[PDB]
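A.B. asks: Starting from these lines, generate the structure:
(one chain, ligands or ions: 1)
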Amino acid sequence: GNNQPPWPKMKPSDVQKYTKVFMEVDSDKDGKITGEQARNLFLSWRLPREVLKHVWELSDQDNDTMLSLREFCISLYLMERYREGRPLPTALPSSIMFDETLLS
Ligand SMILES: [Ca+2]
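C.D. replies: Numbering: from 1, shown residues only. Find the structure here:
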C-alpha cells in the first residue's frame, strides 16, 4: 500500500552538494533547470532513458517541464542511490520530499 521501504533521507549536506551542481545546470539562472539541462546532466552519468524518465517522474512533482531546486536534489539523490544499486521507487517517499532539508 502506501507503506514503502524507507530511505535515509537527504541531509543538509546532501542538499548543499546537489545545490552547487544546480547552479551549474541552471543556465537560465531561474531557479529551475530545463528538461534538456537535466537530461544532459544525467546523461553524463550514462543513465538510461528509462531511468531518466523515471527519475524525472519521481522528482518533478509539480508536473512542470522543468526540474526545480528541490526536485533536482531529489534527482541526484535517486541517481546516486541508483548507482549504489538501490532500485528507484515507484513513488518518491513522502519522508524524502517533506523532509526539513527540502523545506529549508
Ligand atoms: Ca518542477
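A.B. asks: In which helix or strand does the residue nearest the centre of the chain reside?
C.D. replies: Geometric centre of the chain, nearest residue: residue 75, 1.5 Å, by Cα atoms, centre = their mean. Taking DSSP states H and E as the definition, residue 75 sits inside helix 69-84.
A.B. asks: Next, work out how far apart the residue nearest to the centre of the chain and the ion are.
C.D. replies: Look at residue 75 and the ion: by Cβ to the ion, to the nearest Å, they are 10 Å apart. C-beta here means a position set from N, CA and C on the backbone, and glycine is covered the same way.
A.B. asks: same thing with residue 15?
C.D. replies: For residue 15 relative to the ion (Cβ to the ion), the value is 16 Å.
A.B. asks: out of everything not next to it in sequence, what's closest to the residue nearest to the centre of the chain?
C.D. replies: Of all residues not flanking residue 75 in the chain, residue 59 sits nearest, at 4.3 Å (Cβ to Cβ, 6 or more residues apart in numbering).
A.B. asks: The one you found - how many residues pack around it?
C.D. replies: 22 (other Cβ atoms under 10 Å).
A.B. asks: Over to residue 40?
C.D. replies: By other Cβ under 10 Å, the residues close to residue 40 number 12.
A.B. asks: what about it, distance to the ion?
C.D. replies: Counting by Cβ to the ion, the gap from residue 40 to the ion is 17 Å.
A.B. asks: and that residue, helix, strand or coil?
C.D. replies: helix (DSSP: H, G, I helix; E, B strand; the rest coil).
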